[PDB]
Peer 1: 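Here it is, the structure, as structure tokens.
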Amino acid sequence: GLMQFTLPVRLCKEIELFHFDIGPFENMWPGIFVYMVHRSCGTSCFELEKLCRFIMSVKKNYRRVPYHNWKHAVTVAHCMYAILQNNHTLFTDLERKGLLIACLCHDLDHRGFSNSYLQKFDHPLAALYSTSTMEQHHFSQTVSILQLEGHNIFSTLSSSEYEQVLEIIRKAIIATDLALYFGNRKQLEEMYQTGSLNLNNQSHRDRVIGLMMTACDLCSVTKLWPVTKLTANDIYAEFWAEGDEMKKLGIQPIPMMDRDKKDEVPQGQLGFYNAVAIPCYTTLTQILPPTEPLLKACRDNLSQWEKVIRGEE
Ligand SMILES: O=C1CCN(c2ccccc2)N=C1c1ccnn1-c1ccccc1
Ligand SMILES: [Mg+2]
Ligand SMILES: [Zn+2]
């Protein structure tokens with residue numbers, strides 16, 4: 001009960017900032033997650049023994065892939081921590097519990113392949129889940145781990161509160177399907193601009209949490225340039241492996257996934273920042289003004305990709 005997690009001074013200070021990088025010491029990441037749960041939710045939210053067992057089973061069910069790995073899980077959870085900490089009073093007790101867990105679990109058992117590749121491969125998961133294929137799998141893996149003996153971190157919740165938090169987690173994980181982001185943001189834009197956005201409306205809260213999940217999921221584009229640049233290598237390592245596997249199916253992949261077309265990456269990054277990242281953080285900042293640092297960092301990285309094209313690096 002009186003056992004607090006405490007970080008070294010540099011991490012204690014920098015973990016509060018949106019652009020925090022969790023570092024290369026894998027063995028410190030569970031401690032970093034518990035620290036964030038304790039400050040974001042409370043020391044009483046979870047039984048420490050159960051929470052630690054849950055974290056280590058989640059870690060075990062992330063694969064050794066270049067990008068969609070345990071480090072991504074904890075990085076996305078940290079961005080959610082920074083949003084929740086900068087928006088103290090906007091979220092319920094159940095939301096703050098559910099959302100850090102949703103972020104830690106959101107890519108469980110990822111193989112480094114898109115929904116598109118599973119569909120073209122005719123993977124068993126594409127028959128089980130016709131849309132948001134990997135995201136339905138991630139939620140399924142989350143429920144599986146929660147149901148392991150001694151892993152039910154929600155055991156003190158009532159039957160109805162348990163159903164609510166698992167529904168927050170389900171919607172939050174499904175929302176990380178980038179196919180669904182475009183429509184979600186357009187609706188939030190319309191609601192904000194016509195002034196009809198209402199945070200007491202549950203359908204509206206769901207949409208705002210969805211955009212928060214996109215924002216946290218893409219947060220590699222909101223880090224300092226050296227972090228963003230080096231993370232991009234891991235992202236494209238997966239894309240190019242998917243491209244190789246498309247070529248093995250006798251399908252020319254899109255240029256983004258073709259390692260023969262690396263020269264086209266800088267221009268592809270601009271498209272992504274302009275079509276996905278900047279609009280995401282712009283709408284998030286309109287709804288949650290204290291998340292402005294994410295938009296600023298995103299714009300800084302857009303400027304860096306423009307410099308790569310001009311051959312200034
Ligand atoms: O940087 C890039 C290149 C373009 N790209 C992308 C992804 C899907 C479809 C089209 C483009 N995504 C990113 C990116 C930045 C942060 N996260 N992600 C991301 C998101 C989902 C899967 C893998 C990576
Ligand atoms: Mg995902
Ligand atoms: Zn993700």
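Along the sequence shown, residues are numbered consecutively beginning with 1. In what follows, every heavy atom counts, from backbone to side chain, and hydrogens, waters and symmetry copies are set aside.
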Peer 1: Please test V34 against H38 for side chain to side chain contact (heavy atoms under 4.5 Å, CB included), starting from the C-alpha separation and ending with a verdict.
Peer 2: CA-CA 6 Å; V34 173; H38 282 178; 3.6 Å; yes
Peer 1: Please write out which residues are connected to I254 in a hydrophobic cluster, directly or through intermediates, given that two of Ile, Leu, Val, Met, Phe, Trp, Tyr count as joined at side-chain heavy-atom separations below 4.5 angstrom.
Peer 2: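 Other cluster members: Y67, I235, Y236, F239, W240, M256, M257, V265.
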Peer 1: Do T291 and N87 make a side-chain contact, defined as non-hydrogen atoms from C-beta onward lying under 4.5 Å apart?
Peer 2: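 Yes; the side chains approach each other to less than 4.5 Å.
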Peer 1: Mind jotting down which residue pairs meet the ring pair (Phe, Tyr, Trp, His ring centres under 6.0 Å) criterion with at least one end in residues 152-176? Sequence neighbours excluded, please.
Peer 2: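 Those involving residues 152-176 are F46-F154.
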Peer 1: Are any non-hydrogen side-chain atoms of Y81 and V76 less than 4.5 angstrom apart?
Peer 2: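 Not touching, per the 4.5 Å side-chain cut-off.
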Peer 1: Give me the other members of the hydrophobic cluster that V9 sits in, counting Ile, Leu, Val, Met, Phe, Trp and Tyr linked by side-chain heavy atoms under 4.5 Å, directly or via other members.
Peer 2: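 Besides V9, the cluster holds no residue at all.
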Peer 1: Do any N or O atoms from the side chain of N152 and from the backbone of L146 form a donor-acceptor pair under 3.5 angstrom?
Peer 2: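 Yes; at least one donor-acceptor contact below 3.5 Å.
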Peer 1: Within the distance-only criterion (no hydrogens, no angle test), does the side chain of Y181 pair as donor or acceptor with the backbone N or O of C280 below 3.5 angstrom?
Peer 2: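 Looks like yes, one N/O pair under 3.5 Å.
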Peer 1: Would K247 and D260 count as a salt bridge (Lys or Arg N to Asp or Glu O under 4.0 Å) if you check the C-alpha gap in whole Å, the side-chain angles of each, and the deciding distance to 0.1 Å?
Peer 2: CA-CA 12 Å; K247 292 179 191 179; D260 298 332; 3.2 Å; yes
Peer 1: At what distance, to the nearest 0.5 angstrom, does OG1 of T222 lie from CZ of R299?
Peer 2: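 Answer for the OG1-CZ pair, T222 versus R299, is 14.0 Å.
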Peer 1: Does any N or O in the side chain of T228 come within less than 3.5 Å of the main-chain N or O of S220, such that one atom is a donor and the other an acceptor?
Peer 2: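 Indeed, once roles are kept as given, a pair shorter than 3.5 Å links the two residues.
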Peer 1: Let's go through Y35 and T6 carefully: what are the C-alpha distance in whole Å and the side-chain angles of both, what is the deciding distance for side chain to side chain contact (heavy atoms under 4.5 Å, CB included) to 0.1 Å, and is it a yes or a no?
Peer 2: CA-CA 7 Å; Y35 182 81; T6 66; 5.6 Å; no
Peer 1: Which heavy atom in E292 sits nearest to a heavy atom in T285, and how many Å separate them?
Peer 2: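 That would be CA-OG1, 3.5 Å.
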Peer 1: Using a side-chain heavy atom cutoff under 4.5 Å and only I, L, V, M, F, W and Y, what cluster partners does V227 have?
Peer 2: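 Once heavy-atom contacts under 4.5 Å are chained together, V227 still belongs with nothing else.
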Peer 1: Can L288 be reached from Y192 by stepping across I, L, V, M, F, W or Y side chains whose heavy atoms are under 4.5 Å apart?
Peer 2: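 Different hydrophobic clusters.
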Peer 1: Please list all pairs passing the disulfide (SG to SG under 2.5 Å) test where one or both residues lie in residues 79-127, with sequence neighbours left out.
Peer 2: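 Passing the test, one end in residues 79-127: no pairs.
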Peer 1: Disulfide (SG to SG under 2.5 Å): which pairs involve residues 5-62, sequence neighbours left out?
Peer 2: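 Applying disulfide (SG to SG under 2.5 Å) to every pair that reaches into residues 5-62, excluding sequence neighbours, yields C41-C45.
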Peer 1: May I ask you to decide if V221's main-chain N or O and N301's side chain share a donor-acceptor pair within less than 3.5 Å?
Peer 2: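 A pair under 3.5 Å: yes.
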Peer 1: For the pair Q286 and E189, evaluate side chain to side chain donor-acceptor pair (under 3.5 Å) and give the outcome as yes or no after the intermediate values.
Peer 2: CA-CA 9 Å; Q286 288 174 177; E189 195 62 15; 3.2 Å; yes
Peer 1: Would you say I101 ends up clustered with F5 if hydrophobic residues are merged whenever their side chains have heavy atoms under 4.5 Å apart, either directly or through other cluster members?
Peer 2: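 Yes; tracing contacts between hydrophobic side chains, which count when under 4.5 Å, links both residues.
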Peer 1: Once you round to the nearest 0.5 Å, how far does CG of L166 lie from CD of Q164?
Peer 2: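 Going from the CG atom of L166 to the CD atom of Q164 covers 11.0 Å.
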Peer 1: Got a salt bridge between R53 and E49, using NZ or NE/NH1/NH2 to carboxylate O under 4.0 Å?
Peer 2: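 Answer for the salt bridge query: yes.
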Peer 1: What's the shortest heavy-atom distance between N69 and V65, and which atoms?
Peer 2: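 That would be ND2-O, 3.0 Å.
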Peer 1: Surrounding CD of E16 (heavy atoms of other residues, nucleotides or ligands, distance under 6.0 Å), is the total greater than 12?
Peer 2: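 Check passes, neighbour count above 12.
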Peer 1: Show the atom names and distances, to 0.1 Å, of all donor-acceptor pairs under 3.5 Å that link a side chain in residues 205-219 to residues at least two apart or in another chain.
Peer 2:
| unit_1 | atom_1 | unit_2 | atom_2 | d |
| --- | --- | --- | --- | --- |
| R205 | NE | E95 | OE2 | 2.8 |
| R205 | NH1 | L199 | O | 2.8 |
| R205 | NH2 | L90 | O | 2.8 |
| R205 | NH2 | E95 | OE1 | 2.7 |
| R205 | NH2 | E95 | OE2 | 3.4 |
| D206 | OD1 | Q202 | NE2 | 2.8 |
| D206 | OD2 | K171 | NZ | 2.9 |
| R207 | NH1 | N184 | OD1 | 3.1 |
| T214 | OG1 | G210 | O | 3.3 |
| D217 | OD1 | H72 | NE2 | 3.0 |
| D217 | OD1 | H106 | NE2 | 3.0 |

Peer 1: Does any N or O in the side chain of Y62 come within less than 3.5 Å of the main-chain N or O of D107, such that one atom is a donor and the other an acceptor?
Peer 2: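 Indeed, once roles are kept as given, a pair shorter than 3.5 Å links the two residues.
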Peer 1: Quick one: does any side-chain atom of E238 pair with a main-chain N or O of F113 as donor and acceptor, under 3.5 Å?
Peer 2: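 Flag not set: sc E238 to bb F113 has no pair under 3.5 Å.
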Peer 1: Just verifying a value: how many Å separate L188 CG and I287 CD1, rounded to the nearest 0.5 Å?
Peer 2: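 It is 4.5 Å, given to the nearest 0.5 Å.
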Peer 1: Is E26 paired with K71 through a side-chain N to carboxylate O contact shorter than 4.0 Å?
Peer 2: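 No, this pair does not count.
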Peer 1: Rounded to the nearest 0.5 Å, what separation is found between the CH2 atom of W70 and the NZ atom of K60?
Peer 2: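 Here the interatomic distance stands at 12.5 Å.
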Peer 1: Which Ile, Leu, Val, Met, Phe, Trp or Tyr residues join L2 in one cluster when any pair of side-chain heavy atoms under 4.5 Å counts as a link?
Peer 2: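 Once heavy-atom contacts under 4.5 Å are chained together, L2 still belongs with nothing else.
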Peer 1: When you measure from the side chain of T142 to the backbone of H138, do you find a donor-acceptor pair of N or O atoms at a distance under 3.5 Å?
Peer 2: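 It does hold such a pair.
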Peer 1: For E242 and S114, indicate whether the former's side chain and the latter's backbone hold a donor-acceptor pair under 3.5 Å.
Peer 2: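 Checking the backbone N and O of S114 against the side chain of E242, a donor-acceptor pair under 3.5 Å is found.
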Peer 1: Evaluate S40 against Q85 for side chain to side chain donor-acceptor pair (under 3.5 Å), listing each step before the verdict.
Peer 2: CA-CA 6 Å; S40 225; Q85 286 310 262; 2.9 Å; yes
Peer 1: Does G23 offer a backbone N or O that forms a donor-acceptor pair with the side chain of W29 under 3.5 Å?
Peer 2: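 Yes, the answer is positive, given that a donor and an acceptor are paired below the 3.5 Å cut-off.
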Peer 1: Between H78 and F20, is the ring centre distance below 6.0 Å?
Peer 2: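 Yes, ring centres under 6.0 Å apart.
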Peer 1: Can you name the residues that form a side chain to side chain contact (heavy atoms under 4.5 Å, CB included) with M28, not counting sequence neighbours?
Peer 2: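 Here the qualifying residues are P8, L11, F25, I32.
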Peer 1: Please enumerate all residues that pass side chain to side chain contact (heavy atoms under 4.5 Å, CB included) together with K229, with sequence neighbours excluded.
Peer 2: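 Partners of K229 by the side chain to side chain contact (heavy atoms under 4.5 Å, CB included) criterion, ordered by chain and then number, come out as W225.
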Peer 1: Are the side chain of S57 and the backbone of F54 linked by a donor-acceptor contact shorter than 3.5 Å?
Peer 2: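 Between the backbone of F54 and the side chain of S57 there is no qualifying donor-acceptor contact (under 3.5 Å).
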Peer 1: Please report the shortest heavy-atom distance between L295 and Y281, naming the atom on each side.
Peer 2: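 Closest pair (atom of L295, atom of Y281, distance): CA-CB, 3.8 Å.
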Peer 1: Say whether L178 and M134 are linked into one hydrophobic cluster, either directly or through other cluster members, by side-chain heavy-atom distances under 4.5 angstrom.
Peer 2: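 Hydrophobic grouping puts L178 apart from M134.
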Peer 1: Could you grab the distance from atom CD1 of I55 to atom CD1 of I145, nearest 0.5 Å is fine?
Peer 2: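 Taking CD1 in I55 and CD1 in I145, the distance rounds to 11.5 Å.
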Peer 1: Applying side chain to side chain contact (heavy atoms under 4.5 Å, CB included), can you list everything that pairs with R64, at least two apart in sequence or on another chain?
Peer 2: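 Here no residue qualifies.
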Peer 1: So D244 and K248, salt bridge (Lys or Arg N to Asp or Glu O under 4.0 Å) or not? Walk me through it.
Peer 2: CA-CA 6 Å; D244 292 349; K248 292 183 190 177; over 6 Å; no
Peer 1: Start with the C-alpha distance between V165 and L157, add both sets of side-chain angles, then the distance that settles side chain to side chain contact (heavy atoms under 4.5 Å, CB included), and finish with yes or no.
Peer 2: CA-CA 9 Å; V165 82; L157 274 49; 3.9 Å; yes
Peer 1: Under 4.0 Å between a side-chain nitrogen and a carboxylate oxygen: does that hold for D93 and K97?
Peer 2: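 Between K97 and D93 there is no salt bridge, as every charged N stays at least 4.0 Å from the carboxylate O atoms.
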Peer 1: Taking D21 first and then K223, would you say they form a salt bridge - that is, a charged N and a carboxylate O separated by under 4.0 Å?
Peer 2: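 Salt bridge flag = no for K223 with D21.
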Peer 1: To the nearest 0.5 Å, tell me how far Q141 CD sits from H110 NE2.
Peer 2: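 The CD atom of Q141 sits 12.0 Å away from the NE2 atom of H110.
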Peer 1: List the atom pairs, donor and acceptor, that lie under 3.5 Å between side-chain atoms in residues 120-131 and the rest of the protein, sequence neighbours left out.
Peer 2:
| unit_1 | atom_1 | unit_2 | atom_2 | d |
| --- | --- | --- | --- | --- |
| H123 | ND1 | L125 | N | 3.1 |

Peer 1: Between the side chains of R111 and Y117, is a donor N or O closer than 3.5 angstrom to an acceptor N or O?
Peer 2: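 No pair is found: no donor N or O on one side chain lies under 3.5 Å from an acceptor on the other.
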Peer 1: Can a salt bridge be assigned to the pair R170 and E167 using a cut-off of 4.0 Å between side-chain N and carboxylate O?
Peer 2: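 Counted as a salt bridge, because a side-chain N and a carboxylate O are separated by less than 4.0 Å.
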